[PDB]
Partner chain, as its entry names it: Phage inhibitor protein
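Before any questions on how it binds or moves, here is one chain, the form solved without its partner chain, in structure tokens.
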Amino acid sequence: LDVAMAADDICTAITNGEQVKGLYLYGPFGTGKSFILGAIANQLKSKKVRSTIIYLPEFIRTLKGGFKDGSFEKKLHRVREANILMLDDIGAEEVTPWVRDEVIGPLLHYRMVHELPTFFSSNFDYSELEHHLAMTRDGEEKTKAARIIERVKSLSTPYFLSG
């Protein structure tokens, strides 16, 4: 499939005002998923449309700066209402029950309830990401992973990138 034209068309749509689904780019490392996300971002910027790109490892490691006091909700509440959000390299973060049920879950829930374009990039497809989310130190919790992954599916359109 041609991801370039999907990116171009979703840029035109976003700039026109149409409600659209983000892109779920998945594939092995070094296939250009991040570059396509950033290309969408710069393309939108060329038309004055803002967007927010997040590298999930660093972002979660930043939210852990205040997991005790609960001040992480300060930044989460700011990132969750972003007009266009792009979660870069989801599924690579350390899947802990806290990040799954207090960061990722709520984030995607809100961005869905308000229909806000959400782009993704991952080394896993939908089901593989669901398995990644279910497994954790507390064991396999399939219902939470199913809820989250269904949010992802309803927020994005899949595209496979290979070498």
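Numbering follows the first chain given and starts at 1. By rigid core we mean the largest C-alpha set that fits within 1.5 Å across both forms.
Per the PDB record, of the two stretches 63 to 71 and 114 to 122, 63 to 71 carries the greater mean B-factor over its C-alpha atoms.
Relative to one another, 133 to 141 and 39 to 47 have unequal mean CA B-factors, and 133 to 141 is the one with the higher figure. Looking at the C-alpha B-factors along this chain, the one for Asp88 belongs to the lowest third. In the deposited entry, the Cα temperature factor of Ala6 places it in the lowest third of its chain's modelled residues. Among the modelled residues of the chain, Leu56 sits in the middle third by CA temperature factor in this PDB entry. Annotation for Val99: CA B-factor lies in the highest third of the chain's modelled residues. Annotation for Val20: CA B-factor lies in the highest third of the chain's modelled residues.
From this point on, the text means the form solved in complex with its partner chain, which you will not see here.
At the 4.5 Å threshold, heavy atoms of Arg50 reach its partner chain in the deposited complex. In the deposited complex, its partner chain sits beyond 4.5 Å of every heavy atom of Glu102.
Not displayed here, its partner chain is kept clear of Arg111 by more than 4.5 Å at the level of heavy atoms in the deposited complex. Using a 4.5 angstroms threshold between heavy atoms, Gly65 stays clear of its partner chain in the deposited complex. For a residue to qualify, one of its non-hydrogen atoms must sit within 4.5 Å of its partner chain in the deposited complex; all three of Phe29, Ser34 and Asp89 qualify. Along 36 to 57, these residues reach a heavy atom to within 4.5 Å of its partner chain in the deposited complex: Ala41, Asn42, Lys45, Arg50, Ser51, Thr52, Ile53, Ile54, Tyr55, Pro57. With the rigid core aligned between this form and the one not shown, the listed residues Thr136, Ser51, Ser122, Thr118 include just one Cα displaced by at least 2 Å, namely that of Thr136. Taking 2 Å as the criterion, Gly65 counts as shifted between this form and the one not shown: its C-alpha moves by at least this amount when the rigid core is aligned.
In the core-superposed comparison between this form and the one not shown, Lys75 has its Cα shifted by at least 2 Å.
Inter-residue distance, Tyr55 to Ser71 (Cα): reduced by at least 3 Å in the deposited complex versus the depicted form. The pair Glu140 and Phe29 separates in the deposited complex: their C-alpha atoms are at least 3 Å more distant from each other than in the form depicted.
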